[PDB]
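Spelled out from the first residue to the last, the chains are:
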Amino acid sequence: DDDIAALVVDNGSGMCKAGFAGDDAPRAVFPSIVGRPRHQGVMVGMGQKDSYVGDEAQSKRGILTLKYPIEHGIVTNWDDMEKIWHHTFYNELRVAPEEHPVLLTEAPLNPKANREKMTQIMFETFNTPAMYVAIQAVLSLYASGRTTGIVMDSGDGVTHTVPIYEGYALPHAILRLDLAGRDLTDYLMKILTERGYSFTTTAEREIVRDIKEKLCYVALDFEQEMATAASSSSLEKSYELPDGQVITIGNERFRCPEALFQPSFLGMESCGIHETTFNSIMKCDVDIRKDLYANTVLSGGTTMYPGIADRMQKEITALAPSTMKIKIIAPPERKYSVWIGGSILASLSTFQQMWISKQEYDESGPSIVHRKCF
Amino acid sequence: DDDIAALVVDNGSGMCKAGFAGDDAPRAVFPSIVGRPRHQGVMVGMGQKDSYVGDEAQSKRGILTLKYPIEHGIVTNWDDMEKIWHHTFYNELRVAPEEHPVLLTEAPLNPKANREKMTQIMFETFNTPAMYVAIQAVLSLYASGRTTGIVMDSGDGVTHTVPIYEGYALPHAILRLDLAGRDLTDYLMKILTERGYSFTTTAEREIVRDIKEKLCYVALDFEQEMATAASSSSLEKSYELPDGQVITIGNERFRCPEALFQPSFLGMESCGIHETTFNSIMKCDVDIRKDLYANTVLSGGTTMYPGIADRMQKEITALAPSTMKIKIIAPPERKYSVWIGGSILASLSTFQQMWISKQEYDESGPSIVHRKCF
Amino acid sequence: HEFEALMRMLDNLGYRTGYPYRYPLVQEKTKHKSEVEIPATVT
Amino acid sequence: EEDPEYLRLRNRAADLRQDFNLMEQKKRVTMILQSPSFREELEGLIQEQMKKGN
Amino acid sequence: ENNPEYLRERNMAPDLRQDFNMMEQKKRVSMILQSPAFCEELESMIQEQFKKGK
Ligand SMILES: Nc1ncnc2c1ncn2[C@@H]1O[C@H](COP(=O)(O)OP(=O)(O)O)[C@@H](O)[C@H]1O
Ligand SMILES: Nc1ncnc2c1ncn2[C@@H]1O[C@H](COP(=O)(O)OP(=O)(O)O)[C@@H](O)[C@H]1O
């Protein structure tokens, strides 16, 4: 408070998290949604607004069309993005952006112009003194405590695995897959139609996402678990809807996350995450693979399915040579780990040299971010 | 001889060519792909085969998973090669294999078991009377009208440079390098993802390959050309996708082939093609250096990029000694030349002693090809 | 000791020497435990 | 009540509180920061990205 | 207009057709065989290379 502390903002497709530099915990975590009313409103003299933003939007789900501003990790509606950032700065943190620097995170492989846009609407409108952009998955490795290893980050919008050697990333070995939690929610909604239950609107998609977060797990063996569900009815759970109805999902608990390992269910050509990180390792040099097998770190919201670590280790050990040792690293707070890495990066004294000055931006236009940020 | 002409079959890594000896043009050139269906077929009476081979497979790209039987110049699916040979003999040419001799081409350096397997397949199942195996790079020089010179070959499998001295292939100075057209297509995807265009399935790889074939050129000077492309938009051109969308390739046109000269873009630690040719000439004796610098022939599919000739001449001049006779001889038909050389070699009367009879194979097993053909 | 070291280095050239070692050589990288590093936590 | 702290406790769900307590107990940022060797090793590493970038 | 000679022609990709036209005009194989000296020279090359073989 005596000195200006930077703002660490982690912004993915699913939720937005914001906090102060050097803090243990982010101050605000809220879904990245902008809702607009659809029904006729006749109640004059009481509270109506033309648009709802943040957790207030998810509170009044029954009278809105929920609309995600970030699609597959790419910003597609910039006005809603500015509204999200305004609600982040003023409603939640309640600090003006002009006093403090801000730090943003972004996907590894992306359209170029997005970064330019993230520059232009951050200096021109919010009048920040300085900012910086960092790759999301590097911060997971920084927060885990390791300078060398391969990290998979599978958020709600995009999945990507990057190998980092001696704290300094390799661009040619970066693998990006467009398969994340939202596609899993859509697949779960599609396969829940076969039992009779129907979910079609946006609030129903939020309810289905809640069902997925509550009752899903990854089977160690798909065939054995499927035969087990074919034998008895011990794999049945009952979830109570906000209407008051009770549904019994049963067999679908381990079929929804299995699309992560077998993307042929969705019809996509690309194969599962385990062989994806195997190919990412194989694209690197032979000498560094020994450190890469022993330092595999999982991160992101989708990687919080129960039993994901054992299945991942078994598959990647089946793919790996027999003489090599496999170690998976699953932090218990992996869902926030990227933000934690940001808090590490905003506290280093050398990082004061990294900041893009406002004068430098005014001199060089919005293209300063490619040469300044790596 | 007079009654029957030997079949000239060139098995390139990307394309397959076939024709009759003594003829100017091959009768059938088709892609070397095999596709399997990926979706359930519900139309009962329209007729669906188990797998599609060649041009029929490439017509229906949207419903198939295309697989290449030849990978990096090494066969990885032998029954798939049986399928491609069956399609070549019976469908494209409509001639029986048991009534004509066949001619096969091969990479200069291949494993012994590969030659043994080709001979065993060609005699055991097709029951061809006579066959012969030739080095791919040697026949290009015969098509050139030359007997002494250095041959640079680059296909979809691998790029290699050999010296030839009155028809003798020096085994020590043959150099190999893994910069093929497929890697350039993959790098074209990797640089196209910057603009915002995403291609991920094996069907779109043919679209990216067509973009590479139609809209690319080699910069004479890279550093000046990047500044030229940044200054103005006169280098940008538009391509029209099969679904009707229009893309603007722009800067990347001279960035796709530049991986040939600087392999550090792809992450490979090897040297460029010019250094490979220079080192290949450096490994030979002094006496033949003068007629290797004064005689260079380019061949292969990759070597038809516009402006590759002048760039190659300049880069090999920069490494050659002073006042040295340097000339590059690139025929316009440089990636049909292997079939032309094969037909030329099969046309001669003193070539008829090269044929391996069925009795010779039956006596000496599949290992006779190495003793008969050195 | 000197002849043993010479046989060791000659063996590292790729030379096959029939000399057996009275004191054999052990090569271990070892590892320093760091409290900042998160445990592997696999079962 | 009208106090924003009471509404802050009123609004947010149980799992957010669970995560906040879980990653407040371990204090990962403090463990990375006040430990000298790792902190000043990243100090140096960021120094060479400055050296290496331009 | 039902014979297969029509059929492959419209199943030709255009560039392959044009390459056929160009190398049809070019006639490399005929020139190499018609030239006496280079023909009998390469005959000698392959003959005594075979003689060196066995
Ligand atoms: N405990 C959990 N169990 C299963 N899935 C979860 C869990 N928590 C989050 N998810 C999934 O992960 C998504 C959130 O991912 P997140 O890491 O917040 O994305 P980002 O942080 O990149 O925006 C949610 O949409 C949800 O589908
Ligand atoms: N007209 C062209 N322009 C640019 N590139 C081409 C052209 N024709 C072929 N190629 C490239 O050459 C490759 C085919 O090489 P090919 O000659 O089939 O190799 P091989 O020597 O193994 O037969 C294709 O991948 C394509 O990218």
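Below is a summary of the structure that appears in this document. (Residues numbered from 1 in each chain as written, not as in the entry; some residues may be left out. Chains lettered and ligands numbered in written order. Part of a larger assembly, values for the part shown. Heavy atoms only, no water.)

Observations concerning the interface of chain A and chain D
The extent of an interface is frequently quoted as the accessible surface area lost upon association of the parts. The criterion, for reference: Two residues qualify as a contact provided that any one of their heavy atoms is within 4.5 Å of a heavy atom in the partner residue. Summed over both partners, the accessible surface that disappears when two parts come together, traced with a 1.4 Å probe, is what is meant by buried area. Salt bridges are identified by distance alone: a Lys or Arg side-chain nitrogen within 4 Å of an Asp or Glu carboxyl oxygen. Distance and chemistry together define a polar contact, namely a pair of N or O atoms within 3.5 Å, with one atom able to donate a hydrogen and the other to accept it when in protein, and with adjacent residues in sequence counting only for side-chain atoms on both sides. In DSSP terms, a helix is any run of H or I states spanning at least four residues, a strand is any run of E spanning at least two, and both are numbered starting from the N terminus.
Listed by partner, the interface residues are 33 residues for chain A and 28 residues for chain D. Overall, the association of chain A and chain D removes approximately 2800 Å² of surface from exposure, summing both partners, and the carbon and sulfur fraction of that is 63%. Of all residues in chain A, A:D24, A:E333 and A:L348 bury the most surface against chain D, accounting for 21% of the area lost on that side. The partner of D:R28 in a salt bridge is A:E333, with the nearest N and O atoms 2.4 Å apart. The interface formed by chain A and chain D contains 7 residue pairs in polar contact. For the side of chain A that touches chain D, the secondary structure elements donating two or more residues are α4 (136–144) and α11 (337–345) of chain A.

Notes on the site of ligand 2
Residue and element names in this part refer to chain B. Spelled out, the test is: Being near a molecule or strand, for a residue, comes down to having at least one heavy atom within 4 Å of it. Here the accessible surface of atoms and residues is derived via Shrake-Rupley with a 1.4 Å probe, and residues count as covered only by protein chains that are part of the display.
Neighbouring ligand 2 are the residues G12, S13, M15, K17, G155, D156, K212, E213, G301, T302, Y305 and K335. For ligand 2, an oxygen atom lies 2.9 Å from a polar atom in the backbone of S13. Between ligand 2 and the protein, one listed contact pairs an oxygen atom with a side-chain N or O atom of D156 at 2.4 Å. For ligand 2, the protein covers 86% of the area, taking 580 Å² as the surface of the free molecule. Listing elements by their share of the shell around ligand 2, those giving two or more residues are β2 (15–20) and α6 (202–214).

Thoughts on the site of ligand 1
Residue and element names in this part refer to chain A. Note the following rule: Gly is placed with the polar residues, together with every amino acid not listed as nonpolar (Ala, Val, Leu, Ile, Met, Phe, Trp, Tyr, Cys and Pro) or charged (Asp, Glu, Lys and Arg).
In the neighbourhood of ligand 1, 17 residues make up the surrounding shell, with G12, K17, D156, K212 and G301 lying closest. The contact in question runs from an oxygen atom of ligand 1 to an N or O atom on the backbone of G14, over 3.3 Å. Here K335 contributes a side-chain N or O atom positioned 3.3 Å from a nitrogen atom of ligand 1. Contributions of two or more residues to the shell around ligand 1 are made by β2 (15–20) and α6 (202–214). The leading source of residues in the shell around ligand 1 is α6, at 3 residues. Across the shell around ligand 1, the residue classes tally to 3 nonpolar, 7 polar and 7 charged.

Here's the deal with the arrangement of the chains
Counting contacts across all 5 pairs of chains that touch, the top pair turns out to be chains A and D. With respect to C-alpha atoms, chain B approaches chain C no nearer than 24 Å, and the pair has no contact.

Regarding the interface of chain C and chain A
If you look at the interface, chain C gives 8 residues, while chain A gives 11 residues. Roughly 710 Å² of surface becomes buried between chain C and chain A when both sides are summed, with 53% attributable to carbon and sulfur atoms. Taken as a group, C:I38, C:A40 and C:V42 account for 62% of the area that chain C buries against chain A, more than any other trio of residues on that side. On inspection of chain C and its partner chain A, the count reaches 1 salt bridge. Here A:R146 and C:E37 are joined by a salt bridge, their closest N and O atoms 3.1 Å apart. Counting across the interface, chain C meets chain A through 3 residue pairs in polar contact. Each residue belonging to the side of chain C that touches chain A can be placed in one class, and the counts come to 5 nonpolar, 2 polar and 1 charged.

Section: the packing of α4(A) against α11(A)
Two numbers describe a pair of packed helices, the interaxial angle and the distance between the axes. All names here are of chain A. To keep things clear, this is the line we draw: A fitted line through C-alpha atoms represents every axis, and for helices the fit uses only the stretch in contact; the resulting angles, taken between N-to-C directions, go from 0 to 180 degrees. When an angle is under 35 degrees it counts as roughly parallel; over 145 it counts as roughly antiparallel; between 65 and 115 it counts as roughly perpendicular; any other value is oblique.
Contact geometry of α4 with α11 gives a least axis separation of 7 Å together with a crossing angle of 75°. The orientation of α4 with respect to α11, classified from their angle, is roughly perpendicular. Counted together, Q136, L139, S140, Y142 and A143 of α4 and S337, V338, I340, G341, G342 and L345 of α11 form the full contact between these two elements. Looking at the contact of α4 with α11, its residues break down into 6 nonpolar, 5 polar and no charged.

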